[PDB]
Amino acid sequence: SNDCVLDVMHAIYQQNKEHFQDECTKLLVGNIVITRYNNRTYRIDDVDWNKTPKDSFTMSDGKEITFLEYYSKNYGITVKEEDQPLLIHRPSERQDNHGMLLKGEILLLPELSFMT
């Protein structure tokens, strides 16, 4: 059926990629992980596929820093896979304020998380 091949390989791609992501979340969301570099423990609520260790976050005074730097400075850890998604853990009284959010959101790297 007349149509650019790449464009077809793009549609097909999406349909598959999406099934892949929906399969990791359906397997991770709900379970408990251990950040081994600090013996802590969190329960995954979501996976953020649109973020990556190259992205940055904003500390208290506004200063921004990429997850890559944050981990080598605070933990002396060199993140290998700079293309992994971020694991999301949400606290217990996060939204509350009818609309606006309170507590932020905890972001872990799959590379440093281990299952149980």
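Numbering starts at 1 and runs along the sequence shown.
- Comparing the deposited coordinates for 97 to 105 and 9 to 17, the stretch with the larger average C-alpha B-factor is 97 to 105.
- Looking at the C-alpha B-factors along this chain, the one for residue 56 belongs to the highest third.
- Sort the modelled residues of the chain by CA B factor and residue 28 lands in the highest third.
- When the modelled residues of the chain are ordered by C-alpha B-factor, residue 87 sits in the lowest third.
- Among all modelled residues in this chain, the alpha-carbon of residue 67 has a temperature factor (C-alpha) in the lowest third.
- In the deposited entry, the Cα temperature factor of residue 35 sits in the middle third of values across the chain's modelled residues.
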